[PDB]
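Contents: one structure, followed by commentary.
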Amino acid sequence: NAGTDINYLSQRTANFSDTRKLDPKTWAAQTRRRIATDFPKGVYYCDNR
Amino acid sequence: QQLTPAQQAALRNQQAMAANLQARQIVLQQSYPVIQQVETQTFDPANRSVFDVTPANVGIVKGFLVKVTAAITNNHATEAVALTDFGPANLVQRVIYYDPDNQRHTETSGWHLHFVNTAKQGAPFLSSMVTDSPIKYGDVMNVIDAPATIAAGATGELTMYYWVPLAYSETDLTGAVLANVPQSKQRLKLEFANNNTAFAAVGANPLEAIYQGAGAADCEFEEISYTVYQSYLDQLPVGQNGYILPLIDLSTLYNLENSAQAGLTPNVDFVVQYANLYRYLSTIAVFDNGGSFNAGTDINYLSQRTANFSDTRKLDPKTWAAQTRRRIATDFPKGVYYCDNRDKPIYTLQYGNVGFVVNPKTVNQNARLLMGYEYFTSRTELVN
Amino acid sequence: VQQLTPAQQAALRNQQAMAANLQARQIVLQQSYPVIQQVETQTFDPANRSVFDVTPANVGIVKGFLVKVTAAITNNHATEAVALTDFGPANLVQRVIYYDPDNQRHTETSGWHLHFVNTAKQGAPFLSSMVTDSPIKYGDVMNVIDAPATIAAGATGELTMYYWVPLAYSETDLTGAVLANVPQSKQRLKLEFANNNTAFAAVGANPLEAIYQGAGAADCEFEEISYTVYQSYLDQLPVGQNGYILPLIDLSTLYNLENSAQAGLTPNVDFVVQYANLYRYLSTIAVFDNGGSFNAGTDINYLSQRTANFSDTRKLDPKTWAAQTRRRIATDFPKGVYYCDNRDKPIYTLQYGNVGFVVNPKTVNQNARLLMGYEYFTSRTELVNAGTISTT
Amino acid sequence: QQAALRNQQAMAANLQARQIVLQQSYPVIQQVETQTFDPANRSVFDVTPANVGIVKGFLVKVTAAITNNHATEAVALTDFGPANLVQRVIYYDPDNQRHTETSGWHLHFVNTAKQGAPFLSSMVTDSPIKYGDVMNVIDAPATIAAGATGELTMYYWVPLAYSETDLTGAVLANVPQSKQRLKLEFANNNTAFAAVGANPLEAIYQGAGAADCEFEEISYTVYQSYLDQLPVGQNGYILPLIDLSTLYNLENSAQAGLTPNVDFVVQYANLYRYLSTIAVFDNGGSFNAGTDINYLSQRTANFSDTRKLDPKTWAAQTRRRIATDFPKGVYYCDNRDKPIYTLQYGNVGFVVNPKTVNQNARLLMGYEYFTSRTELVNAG
Amino acid sequence: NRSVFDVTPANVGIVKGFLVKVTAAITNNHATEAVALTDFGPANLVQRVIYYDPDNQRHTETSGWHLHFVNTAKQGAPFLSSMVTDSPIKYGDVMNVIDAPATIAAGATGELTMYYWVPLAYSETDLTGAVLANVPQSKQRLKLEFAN
Amino acid sequence: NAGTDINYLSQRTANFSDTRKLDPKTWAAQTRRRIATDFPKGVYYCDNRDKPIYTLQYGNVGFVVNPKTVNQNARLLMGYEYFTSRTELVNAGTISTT
């Protein structure tokens, strides 16, 4: 599914809490800045380069 | 020695500039970026359309990503409405930010902020590029989206995103806002569209509207929702005196603002002077020709001119558009013209007064130029 | 021969201290530059919230805050109107409290008392526009402090009110000012606004704290309220071989406004409200809330200020008392509101209740009481360790 | 290290002389000239003051009769009304140096700012004793109906000395045969009446019958205020040399180029110590009560601001100075205790960020300032 | 309309914790059926609480139900409860400090009150975990995410 | 009444302000921690055992009640537990704020 089965995604840690707890569309927005489009349905990407 | 105060102050700068850059480099190499939700609200703009969001006071703030969704219903008996050229970019009419000292930074329209977001990305902001790939990449998540038309009796769903910058970029902290402290509240103020601004009747000016068509009078928002995410740097490096901070970066304002200018007449140079002291990074000029937005056909040429009547880029509309295609890989909507001055910001006092010029071929009633600026500028000094 | 005298000055001592304080004050005023700056603006619906804590900027020497309040009031009643109470827009703010960086409170009073002091200090109704025969169109052009006399059934009225919350006594006397450059510790300016429960009084109800009263009151409501706080301070403080040249007495003295309520009035009997010791009372305001009725002196025999052993220093009939006030503000305060100026020679008892404010009532209704308002100076240490108000 | 001391001592020595002059001389107010004329023939006059003692200023009385010859339409006072009976004033001292050069309306607004209330007005009170507008000192009919003739009276104080107690800017005129020049340009049939829809800024009346309005006549009387019987000492005349070598002037200017939501900055010049600033927002002939402005301020350019305020709060500060508001679109700023003094040209600017800008918009500026004589007076 | 709030604590002295009073009115508009309290009931009025100190260091971040169970464990009895006894003097649930109707019938409106203690300091006598402020900087942040 | 006729209660020192200005239910919550239940209707308790109220000057500290509704013949009946210096009570003591 295109994010409709997810509340949010994040990277969490171990002091702060989450460093990027985001709804699926906002998470996808960050990915659009990296590959100029969305990955296929149900595929989520995270850049920590 | 002879103390040449002017030469010296410059020297003092030169050292100031170097210190700033080093501090910036150290900050970037040493804190950890965080983006976290600050506030979400769902409402009917018929009830309320202005909201004052209170950002969290933590570390150095770089900017805010604002997600906006909306549902619009066309209850006209028979007629549809179609997206205007700006469409969902008009979901937010105005945005204003104030820092902890209550100093105002950006104050501009949603459409201008959106065009700058696009210029800074180098492509339509958060868009999905079309390719021949058989793998199913594409508009999967509808990050920024709005139906091309909303038929009589139908309800359409829209999604829009705006990045409200404080810092100039992810690597250049000029304009960022400094949280090691005490200070006040910013007042990220968001003024949303409502039934009056979002729908334009046939023949009415579509500038600020989202949809225009024969069914406009019976269109209504059902709801609008926003979620503001704050992007900042945490775990600020500490050294000797306390926090290692880029003092020039944090005491410089990086702002967007817009205004409207009128007084255009056919074949005469319409000159909009740059308001001195600011370092203008970009200029957007929208030729709202009395509600008509044309693809360059109502313009002879555009230019940037300095106090000697010397043009640095006097170009016909298509050639002007060509330069923009090199910047954002496509054209801005009809009647929207962009000018990049990022590497050499327009700065009067460096070379006399400068002006943005438009020589119109046709001028309808109520014609005007809506100017959008992106700038830094700070304090200024001198002596005999 | 109210008593202790001018021996209070022999006691403080540091003619050297005063000489220094005063010289430093003058250098600061001469060398620094005045700034008035917006620190916060907010719009809200009283139905959701009405209490706000504003955080001032910690910069230089803070003199005070100018608070601008605007509001839209809708009379949703079907057929009845409402009209302004005597205090009207002065009740847009119910209370104010200020805490400095050292957690010490300065002013803690009602919006109406604060407003009356603003008027007393200006020498005329605060920020008012005086009427003259000038043919040139000066006048109430900008509606600085403004409110519709009535709001008819179904109508919406727009109001504007301003309050000056003082820290410093005046633009030239920095007594009471706050040094906020020196600690990261925050200041607190607490504001409690009128709400749908306090702004509207039904016919026959007490209008003291209300803005409008009338037959349509039950159906009146705020459409919204907005406030903007401007902070006034001195920047670019002068430095010497010591460092910052500062008036130490000015900055270690509190200039506060405070209110209180007293009851127990009986016809033809002196009702005495005792002044506390250690405070130097600059002015006194007494409001005779005669069970919800506010009269123009007709319910009072006389008012006075009295010292235990001597008698009264100004026992006067209500009209003569009002005459003294007309010399101070060029008009009368609203019905039932009485003012007393003691600025040149502040009431200072050294013993609690040496000094009392007197009201001998002619008629006393049910639930009668005197609402007192005070302006005073104090030695910040004396208020910390040895102070009450209120004489029972 | 001696500079500041030398300055303090010179100031201490000015001040003593000033006090002796105020104490020993005697104030005189005397008529120097009266004239009645028809604006159709002339409207510019050069009055020659008397060269006696220390001149402090001139009180100019102006009366006029205006006839509305229109068949059926009336006219009504503009916001400035009788303050536009004098369009401009210019004063030249015996040394050919100009002091004030400004408009009649700006001069009038400064007269008001200095009085602390509408100049020479009659305040309304509840007094049963019949005080009130008995003498119609400054007066003009609110409207002049078709066929009617209205009578107007206006007074202006042209200052040389700053006040009755501060002689800064005063002129020593008993020292030369060289004449003073007080130039006055009066309203005429072309400036006094504005047609509906026309800019009323410089007019006295506006309305449907304006085209047929005319002056029946105008009269003026100039009274000169000076100090006589100047005190003499040892070396001779005891005089405040700083006071008499300083100019106290009012001047006006116009600036254009306003754009919605953009800071419009009018730079202050260097050398001048600006005591007050008046800015009139002539929004293309429309004068609004702050609704066309976002905020006003005084700044170090790009920096800020020492008083960036919304229009109502700006007006609140003015209410503390003149006990009322100036007319629509007129904004005042008091800097008397700490005059704007840049050394640098433009370090400081007056700011107006407009909300709405009509065609032909502009800011009409008015300034009160002190500046500075290069060289002392001629002494005996 | 809104369920997440960022409260800004005052910066004064050593902070030990926060007592959060929460009240609510709930209406059951079902045509015929009632609803009954869950085992956690009003403890679920607050879904999550997160605190950050002046240096933006996160301390507690947990659910309302977990915070409530710890409040109970630290008290040694159900948090802020009223114990039942045979006393004829009218002590008892007089003030409804923590309270919620056992059921809300179709068409009825129930009122609830709940309290949570968000600790920084471990206890009134053990200041381990307390937060100063002699910290030039920020402000603290107490984020409350409510039920909807 | 069970707190419904009161806006708030507090203990205040002249110059600082209140050390515990609380709504009636929150005031009752503190009491529940002390006696495991509520005192009867209209009865309010305040524990200052670890740091006893000790003014050195009369009235430096006061107990505050801001009533929401006041009926005819209303009054506050106060009860105190204290340790005094036997000599101070002998020579310098009253109870009483009018």
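Residue names in the structure tokens use chain letters A, B, ... in the order shown, residue numbers from 1 in each chain, and ligand numbers from 1 in the order shown.
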Test item: residues at most 6 Å from stretch 21-37 of chain E, only C-alpha atoms, excluding those fewer than 2 positions along its chain, as a PDB file with N, CA and C atoms, in the first residue's frame:
ATOM      1  N   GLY E  41      -9.433   3.086  31.773  1.00  0.00           N
ATOM      2  CA  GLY E  41     -10.354   4.203  31.865  1.00  0.00           C
ATOM      3  C   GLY E  41      -9.777   5.595  31.709  1.00  0.00           C
ATOM      4  N   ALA E 102     -18.807   4.708  35.687  1.00  0.00           N
ATOM      5  CA  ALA E 102     -18.562   3.330  35.286  1.00  0.00           C
ATOM      6  C   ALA E 102     -19.140   3.044  33.896  1.00  0.00           C
ATOM      7  N   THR E 103     -20.251   3.697  33.581  1.00  0.00           N
ATOM      8  CA  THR E 103     -20.884   3.532  32.273  1.00  0.00           C
ATOM      9  C   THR E 103     -21.463   4.863  31.818  1.00  0.00           C
ATOM     10  N   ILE E 104     -21.627   5.012  30.508  1.00  0.00           N
ATOM     11  CA  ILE E 104     -22.276   6.202  29.971  1.00  0.00           C
ATOM     12  C   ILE E 104     -23.345   5.616  29.053  1.00  0.00           C
ATOM     13  N   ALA E 105     -24.599   5.769  29.466  1.00  0.00           N
ATOM     14  CA  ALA E 105     -25.739   5.238  28.727  1.00  0.00           C
ATOM     15  C   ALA E 105     -26.024   5.991  27.441  1.00  0.00           C
ATOM     16  N   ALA E 106     -26.751   5.345  26.531  1.00  0.00           N
ATOM     17  CA  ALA E 106     -27.123   5.995  25.278  1.00  0.00           C
ATOM     18  C   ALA E 106     -27.820   7.303  25.626  1.00  0.00           C
ATOM     19  N   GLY E 107     -27.378   8.395  24.997  1.00  0.00           N
ATOM     20  CA  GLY E 107     -27.972   9.698  25.249  1.00  0.00           C
ATOM     21  C   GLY E 107     -27.426  10.503  26.419  1.00  0.00           C
ATOM     22  N   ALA E 108     -26.508   9.923  27.185  1.00  0.00           N
ATOM     23  CA  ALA E 108     -25.957  10.594  28.354  1.00  0.00           C
ATOM     24  C   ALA E 108     -24.580  11.210  28.152  1.00  0.00           C
ATOM     25  N   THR E 109     -24.244  12.132  29.052  1.00  0.00           N
ATOM     26  CA  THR E 109     -22.957  12.804  29.056  1.00  0.00           C
ATOM     27  C   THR E 109     -22.287  12.537  30.417  1.00  0.00           C
ATOM     28  N   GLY E 110     -21.045  12.061  30.395  1.00  0.00           N
ATOM     29  CA  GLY E 110     -20.345  11.787  31.640  1.00  0.00           C
ATOM     30  C   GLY E 110     -19.189  12.755  31.821  1.00  0.00           C
ATOM     31  N   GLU E 111     -18.827  13.034  33.074  1.00  0.00           N
ATOM     32  CA  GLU E 111     -17.730  13.948  33.368  1.00  0.00           C
ATOM     33  C   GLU E 111     -16.602  13.154  34.004  1.00  0.00           C
ATOM     34  N   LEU E 112     -15.366  13.440  33.597  1.00  0.00           N
ATOM     35  CA  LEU E 112     -14.218  12.715  34.136  1.00  0.00           C
ATOM     36  C   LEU E 112     -13.159  13.679  34.649  1.00  0.00           C
ATOM     37  N   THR E 113     -12.397  13.220  35.636  1.00  0.00           N
ATOM     38  CA  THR E 113     -11.293  14.000  36.177  1.00  0.00           C
ATOM     39  C   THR E 113     -10.127  13.017  36.339  1.00  0.00           C
ATOM     40  N   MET E 114      -8.937  13.462  35.963  1.00  0.00           N
ATOM     41  CA  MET E 114      -7.756  12.626  36.050  1.00  0.00           C
ATOM     42  C   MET E 114      -6.553  13.491  36.412  1.00  0.00           C
ATOM     43  N   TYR E 115      -5.621  12.914  37.169  1.00  0.00           N
ATOM     44  CA  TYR E 115      -4.393  13.628  37.532  1.00  0.00           C
ATOM     45  C   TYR E 115      -3.189  12.764  37.221  1.00  0.00           C
TER      46      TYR E 115
END
Counting only C-alpha atoms, what is within 12 Å of residue F:54, bar same-chain residues fewer than 4 positions away, as a PyMOL selection string?
-> (chain C and resi 385) or (chain F and resi 13+48-50+58-62+82-85)
Please identify all polymer residues within 7 Å of residue B:152, counting only C-alpha atoms, omitting same-chain residues fewer than 3 positions from it, and present them as a PyMOL selection string.
-> chain B and resi 74-80+215
Store the residues of this selection in a file with N, CA, C and O atoms, as a PDB file, in the first residue's frame.
ATOM      1  N   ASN B  74     -17.763  20.768  -4.896  1.00  0.00           N
ATOM      2  CA  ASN B  74     -18.399  21.640  -5.868  1.00  0.00           C
ATOM      3  C   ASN B  74     -19.867  21.243  -5.848  1.00  0.00           C
ATOM      4  O   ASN B  74     -20.224  20.169  -6.337  1.00  0.00           O
ATOM      5  N   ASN B  75     -20.712  22.082  -5.261  1.00  0.00           N
ATOM      6  CA  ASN B  75     -22.130  21.757  -5.217  1.00  0.00           C
ATOM      7  C   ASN B  75     -22.953  22.459  -6.289  1.00  0.00           C
ATOM      8  O   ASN B  75     -24.176  22.514  -6.189  1.00  0.00           O
ATOM      9  N   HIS B  76     -22.297  22.983  -7.319  1.00  0.00           N
ATOM     10  CA  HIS B  76     -23.041  23.654  -8.375  1.00  0.00           C
ATOM     11  C   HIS B  76     -23.922  22.593  -9.015  1.00  0.00           C
ATOM     12  O   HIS B  76     -23.567  21.413  -9.052  1.00  0.00           O
ATOM     13  N   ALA B  77     -25.072  23.007  -9.524  1.00  0.00           N
ATOM     14  CA  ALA B  77     -25.997  22.071 -10.139  1.00  0.00           C
ATOM     15  C   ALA B  77     -25.466  21.426 -11.412  1.00  0.00           C
ATOM     16  O   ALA B  77     -25.756  20.269 -11.679  1.00  0.00           O
ATOM     17  N   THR B  78     -24.681  22.162 -12.191  1.00  0.00           N
ATOM     18  CA  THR B  78     -24.212  21.608 -13.457  1.00  0.00           C
ATOM     19  C   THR B  78     -22.784  21.906 -13.900  1.00  0.00           C
ATOM     20  O   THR B  78     -22.217  21.139 -14.662  1.00  0.00           O
ATOM     21  N   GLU B  79     -22.204  23.005 -13.424  1.00  0.00           N
ATOM     22  CA  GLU B  79     -20.876  23.413 -13.875  1.00  0.00           C
ATOM     23  C   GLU B  79     -19.677  22.983 -13.031  1.00  0.00           C
ATOM     24  O   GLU B  79     -19.753  22.891 -11.808  1.00  0.00           O
ATOM     25  N   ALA B  80     -18.560  22.728 -13.709  1.00  0.00           N
ATOM     26  CA  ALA B  80     -17.337  22.318 -13.021  1.00  0.00           C
ATOM     27  C   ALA B  80     -16.451  23.525 -12.754  1.00  0.00           C
ATOM     28  O   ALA B  80     -16.796  24.663 -13.097  1.00  0.00           O
ATOM     29  N   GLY B 215     -18.773  26.875 -11.957  1.00  0.00           N
ATOM     30  CA  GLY B 215     -19.386  26.342 -10.755  1.00  0.00           C
ATOM     31  C   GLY B 215     -18.852  26.953  -9.467  1.00  0.00           C
ATOM     32  O   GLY B 215     -19.242  26.548  -8.372  1.00  0.00           O
TER      33      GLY B 215
END
In Å, rounded to a single decimal, give me how far atom CA of residue D:221 is from atom CA of residue D:172.
->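 About the pair atom CA of residue D:172 and atom CA of residue D:221: they are 22.5 Å apart.
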Expected answer as JSON, numbers by chain: chain D residues within 8 Å of chain C, only C-alpha atoms | {"D": [79, 80, 81, 82, 83, 118, 119, 120, 121, 122, 123, 124, 133, 138, 139, 140, 141, 142, 289, 290, 305, 306, 307, 308, 309, 312, 313, 315, 316, 319, 320, 323, 324, 325, 326, 327, 328]}
Which residues in stretch 154-376 of chain B does DSSP call strand (DSSP E)? List them as a PyMOL selection string.
-> chain B and resi 155-165+188-192+199-200+211-212+219-234+238-239+242-243+255-262+270-273+280-289+299-306+310-311+336-340+354-360+367-375
Please, could you write that set of residues out with C-alpha atoms as a short mmCIF file (atom, residue, chain, number, x, y, z; two decimals), in the first residue's frame?
data_model
loop_
_atom_site.label_atom_id
_atom_site.label_comp_id
_atom_site.auth_asym_id
_atom_site.auth_seq_id
_atom_site.Cartn_x
_atom_site.Cartn_y
_atom_site.Cartn_z
CA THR B 155 -15.46 16.41 -3.80
CA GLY B 156 -11.72 16.67 -4.51
CA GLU B 157 -8.80 16.09 -2.14
CA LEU B 158 -5.64 18.21 -2.20
CA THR B 159 -2.21 17.99 -0.59
CA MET B 160 0.36 20.78 -0.53
CA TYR B 161 3.74 21.33 1.14
CA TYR B 162 5.65 24.54 1.88
CA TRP B 163 9.13 24.90 3.32
CA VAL B 164 9.40 28.11 5.40
CA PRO B 165 13.14 28.83 5.57
CA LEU B 188 4.70 31.15 12.77
CA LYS B 189 1.47 32.71 11.51
CA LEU B 190 -0.39 30.85 8.79
CA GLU B 191 -3.28 32.55 6.96
CA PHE B 192 -5.23 29.96 4.95
CA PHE B 199 -12.85 30.04 -5.88
CA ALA B 200 -12.92 32.43 -8.84
CA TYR B 211 -10.12 26.71 -8.69
CA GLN B 212 -11.91 28.80 -11.33
CA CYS B 219 -17.81 25.57 -4.18
CA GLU B 220 -16.94 25.16 -0.52
CA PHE B 221 -14.06 23.82 1.53
CA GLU B 222 -15.21 20.89 3.71
CA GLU B 223 -12.02 21.08 5.74
CA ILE B 224 -8.34 21.99 5.76
CA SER B 225 -5.68 20.34 7.91
CA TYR B 226 -2.08 21.36 8.55
CA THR B 227 0.86 19.76 10.29
CA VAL B 228 3.95 21.82 10.99
CA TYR B 229 7.30 20.07 11.30
CA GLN B 230 10.22 22.00 12.76
CA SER B 231 13.71 21.33 11.43
CA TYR B 232 16.58 22.17 13.78
CA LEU B 233 20.04 21.22 15.02
CA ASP B 234 20.37 19.65 18.46
CA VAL B 238 30.40 23.55 23.28
CA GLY B 239 33.92 24.94 23.53
CA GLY B 242 30.24 28.16 25.67
CA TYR B 243 28.45 27.31 22.43
CA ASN B 255 13.68 36.65 4.21
CA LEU B 256 11.08 36.42 1.47
CA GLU B 257 8.65 39.31 0.89
CA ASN B 258 6.37 40.41 -1.91
CA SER B 259 4.67 43.60 -3.05
CA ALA B 260 2.54 44.93 -5.90
CA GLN B 261 3.53 47.67 -8.33
CA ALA B 262 1.25 49.44 -10.82
CA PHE B 270 8.38 49.91 -16.14
CA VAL B 271 11.15 50.02 -13.55
CA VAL B 272 10.88 48.56 -10.04
CA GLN B 273 13.79 49.87 -7.99
CA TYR B 280 18.71 40.34 -3.19
CA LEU B 281 19.30 36.67 -4.05
CA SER B 282 16.32 36.26 -6.39
CA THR B 283 13.46 38.21 -7.90
CA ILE B 284 10.12 36.94 -9.12
CA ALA B 285 7.87 39.18 -11.20
CA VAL B 286 4.29 38.15 -11.92
CA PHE B 287 2.59 40.11 -14.67
CA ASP B 288 -1.03 40.12 -13.54
CA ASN B 289 -2.32 41.81 -16.68
CA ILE B 299 5.94 41.67 -23.00
CA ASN B 300 8.64 43.16 -25.27
CA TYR B 301 11.51 42.42 -22.87
CA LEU B 302 12.60 42.13 -19.24
CA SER B 303 15.88 43.24 -17.69
CA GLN B 304 17.91 44.21 -14.65
CA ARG B 305 19.42 47.67 -15.03
CA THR B 306 21.82 49.73 -12.94
CA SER B 310 23.23 49.85 -18.56
CA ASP B 311 21.37 46.51 -18.84
CA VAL B 336 5.59 34.34 -13.80
CA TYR B 337 9.19 35.43 -14.41
CA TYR B 338 12.22 34.49 -12.35
CA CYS B 339 15.69 35.98 -11.98
CA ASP B 340 18.59 34.26 -10.14
CA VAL B 354 19.44 48.87 -9.63
CA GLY B 355 16.01 48.15 -10.98
CA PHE B 356 14.03 45.23 -12.35
CA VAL B 357 12.57 46.18 -15.71
CA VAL B 358 9.55 45.10 -17.74
CA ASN B 359 8.63 46.77 -21.03
CA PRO B 360 5.05 45.62 -21.75
CA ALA B 367 -2.49 45.66 -14.76
CA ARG B 368 0.25 45.29 -12.16
CA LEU B 369 3.51 43.53 -11.35
CA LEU B 370 3.58 41.38 -8.24
CA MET B 371 7.19 41.33 -7.06
CA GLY B 372 8.64 38.58 -4.90
CA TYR B 373 12.08 38.93 -3.33
CA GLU B 374 14.47 36.60 -1.57
CA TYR B 375 17.17 38.50 0.37
#
Excluding residue B:329 and residues on its chain fewer than 2 positions from it, collect all residues at most 12 Å away from it, counting only C-alpha atoms, and give them as a VMD selection string.
-> chain B and resid 118 to 125 127 129 321 to 327 331 to 332
Using only C-alpha atoms, find the residues of chain E whose closest atom to chain F is at most 7 Å away, then write them as a list in words.
-> residues 80, 81, 82, 83, 90, 91, 92, 93, 94, 95 and 97 of chain E
Enumerate as a list in words the residues belonging to chain F that approach chain C to within 6 Å, with only C-alpha atoms taken into account.
->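 Interface list for chain F against chain C: residues 14, 15, 16, 97 and 98 of chain F.
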Generate the output file for the selected residues, C-alpha atoms, as a compact mmCIF listing (two decimals), in the first residue's frame.
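Saved to again-v6.txt:
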# COMPACT_ATOMS: atom_id res chain seq x y z
CA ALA F 14 3.44 39.50 51.59
CA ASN F 15 5.87 40.44 48.91
CA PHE F 16 6.42 37.04 46.98
CA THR F 97 -6.76 39.55 60.31
CA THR F 98 -10.07 41.34 60.47
Compile the contact shell of residue E:56 as a ChimeraX atom specification: residues with an atom at most 10 Å away, counting only C-alpha atoms, same-chain residues fewer than 3 positions apart removed.
-> /A:16 /B:56-59,179-180,234-235 /E:51-53,59,137-141
Using only C-alpha atoms, I'd like a table of the residues in chain D that come within 12 Å of chain B; for each, show the closest atom pair and its distance in Å rounded to one decimal, ordered by chain and ascending number, as a tab-separated table.
residue	atom	partner	partner_atom	distance
D:256	CA	B:273	CA	11.9
D:257	CA	B:273	CA	8.6
D:258	CA	B:261	CA	9.0
D:259	CA	B:259	CA	6.4
D:260	CA	B:259	CA	5.1
D:261	CA	B:259	CA	5.8
D:262	CA	B:259	CA	6.7
D:263	CA	B:275	CA	7.9
D:264	CA	B:275	CA	8.1
D:265	CA	B:275	CA	8.9
D:266	CA	B:275	CA	11.7
D:267	CA	B:276	CA	11.8
D:299	CA	B:379	CA	11.0
D:300	CA	B:379	CA	8.0
D:301	CA	B:379	CA	7.0
D:302	CA	B:379	CA	5.5
D:303	CA	B:379	CA	5.9
D:304	CA	B:379	CA	9.0
D:305	CA	B:103	CA	10.0
D:308	CA	B:103	CA	10.5
D:342	CA	B:383	CA	11.4
D:343	CA	B:383	CA	8.9
D:344	CA	B:383	CA	7.2
D:345	CA	B:382	CA	9.9
D:346	CA	B:381	CA	10.4
D:347	CA	B:381	CA	8.4
D:348	CA	B:380	CA	11.4
D:353	CA	B:259	CA	10.9
D:354	CA	B:259	CA	10.1
D:355	CA	B:259	CA	9.5
D:356	CA	B:260	CA	9.2
D:357	CA	B:261	CA	8.7
D:358	CA	B:262	CA	8.8
D:359	CA	B:263	CA	7.7
D:360	CA	B:263	CA	9.6
D:361	CA	B:262	CA	11.4
Could you please select, counting only C-alpha atoms, the residues of chain B within 6 Å of chain C and state them as number ranges by chain?
-> B: 102, 183-184
Got a sec: who's within 12 Å of residue A:25, counting only C-alpha atoms, leaving out chain neighbours fewer than 5 positions off, as a ChimeraX atom specification?
-> /A:2-9,30-32,38,41-42,44 /B:66-69,126,139-145,159-161,227
Using the selection just defined, write its residues with C-alpha atoms as a PDB file, in the first residue's frame.
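And here is the file that came out, out-v8.pdb:
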ATOM      1  CA  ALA A   2       0.882   3.627  -0.629  1.00  0.00           C
ATOM      2  CA  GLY A   3       1.317   4.559   3.031  1.00  0.00           C
ATOM      3  CA  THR A   4      -2.342   4.022   3.973  1.00  0.00           C
ATOM      4  CA  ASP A   5      -1.486   1.084   6.252  1.00  0.00           C
ATOM      5  CA  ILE A   6       1.091   3.102   8.233  1.00  0.00           C
ATOM      6  CA  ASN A   7       0.672   5.708  10.998  1.00  0.00           C
ATOM      7  CA  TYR A   8       4.279   6.890  10.887  1.00  0.00           C
ATOM      8  CA  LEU A   9       7.908   5.916  10.363  1.00  0.00           C
ATOM      9  CA  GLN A  30      11.963  13.682   1.884  1.00  0.00           C
ATOM     10  CA  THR A  31      12.482  10.817  -0.566  1.00  0.00           C
ATOM     11  CA  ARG A  32      11.200  12.911  -3.487  1.00  0.00           C
ATOM     12  CA  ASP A  38       8.458   8.008  -5.165  1.00  0.00           C
ATOM     13  CA  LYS A  41       4.119   1.178  -3.162  1.00  0.00           C
ATOM     14  CA  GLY A  42       5.146   0.040   0.302  1.00  0.00           C
ATOM     15  CA  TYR A  44      10.316   3.431   2.116  1.00  0.00           C
TER      16      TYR A  44
ATOM     17  CA  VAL B  66       4.207  22.661   6.487  1.00  0.00           C
ATOM     18  CA  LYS B  67       1.938  19.888   5.214  1.00  0.00           C
ATOM     19  CA  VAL B  68      -1.519  21.138   4.173  1.00  0.00           C
ATOM     20  CA  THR B  69      -4.420  18.946   3.058  1.00  0.00           C
ATOM     21  CA  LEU B 126       8.501  17.914  -4.266  1.00  0.00           C
ATOM     22  CA  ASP B 139       3.209   9.567  -8.257  1.00  0.00           C
ATOM     23  CA  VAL B 140       2.680   6.879  -5.634  1.00  0.00           C
ATOM     24  CA  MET B 141       2.303   8.996  -2.509  1.00  0.00           C
ATOM     25  CA  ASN B 142       0.647  12.153  -3.862  1.00  0.00           C
ATOM     26  CA  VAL B 143       2.919  14.457  -1.892  1.00  0.00           C
ATOM     27  CA  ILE B 144       1.712  17.598  -3.700  1.00  0.00           C
ATOM     28  CA  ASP B 145      -1.514  16.906  -5.571  1.00  0.00           C
ATOM     29  CA  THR B 159      -2.211  17.991  -0.595  1.00  0.00           C
ATOM     30  CA  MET B 160       0.361  20.781  -0.527  1.00  0.00           C
ATOM     31  CA  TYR B 161       3.739  21.326   1.141  1.00  0.00           C
ATOM     32  CA  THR B 227       0.864  19.759  10.286  1.00  0.00           C
TER      33      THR B 227
END
Chain E contacts on chain A, only C-alpha atoms, 12 Å, as number ranges by chain | A: 13-19
